[PDB]
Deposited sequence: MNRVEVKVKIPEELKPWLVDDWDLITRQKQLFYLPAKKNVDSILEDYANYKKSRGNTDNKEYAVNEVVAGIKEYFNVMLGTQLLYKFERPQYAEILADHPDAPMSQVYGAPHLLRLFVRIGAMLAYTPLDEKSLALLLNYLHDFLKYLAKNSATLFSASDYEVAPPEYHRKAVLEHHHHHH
């Protein structure tokens, strides 16, 4: 329902897909900069001077639900199975980082399927999500990088 990925983040979406799907790398897990910390940075940043705490809590919950169903490429499913077995009940927002978070925003525009019941609340939320995406975009040099990935070893492929 009109969640726009900043144009400057599209190349990264392709690089992320390439790293996982073509190069058979995996994001290094558990994350050096997890979704929880990224959301806390954002909330702190906005709090510098029905608001941020709600947005951030909402993003984290949808992330924690959708990661295992929507935001993984096929090649990542074993790694994800391992995570649950190693860190059970530990929320995904504690394990994954920025790349998978970005992937949420490419799909979250569908959850926004009751909010068009409330045109005004929608607008405000869309403004927050776009603001957050722009926060990720301008911070891309730290958040999105091939340095957070590692080629999966031959044992990973075996399964």
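- Numbering the deposited sequence from 1, which residue ranges have no coordinates here? Deposited residues absent from the model fall in 1-5, 55-61, 172-181.
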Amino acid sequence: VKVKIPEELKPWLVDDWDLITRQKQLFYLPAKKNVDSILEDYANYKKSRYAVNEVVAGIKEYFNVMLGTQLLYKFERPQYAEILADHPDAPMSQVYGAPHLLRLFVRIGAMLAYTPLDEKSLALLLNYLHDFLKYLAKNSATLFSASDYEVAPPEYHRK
From here on, numbers count along this sequence of modelled residues.
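- 57-65 versus 40-48: which one carries the higher mean Cα B factor per the record? It is 40-48 that shows the higher mean C-alpha B-factor.
- According to the deposited model, is the average Cα temperature factor higher in 107-115 or in 122-130? The deposited B-factors put 107-115 ahead on the C-alpha mean.
- Please place residue 90 in the lowest, middle or highest third of its chain by C-alpha B factor as given in the entry. Highest third.
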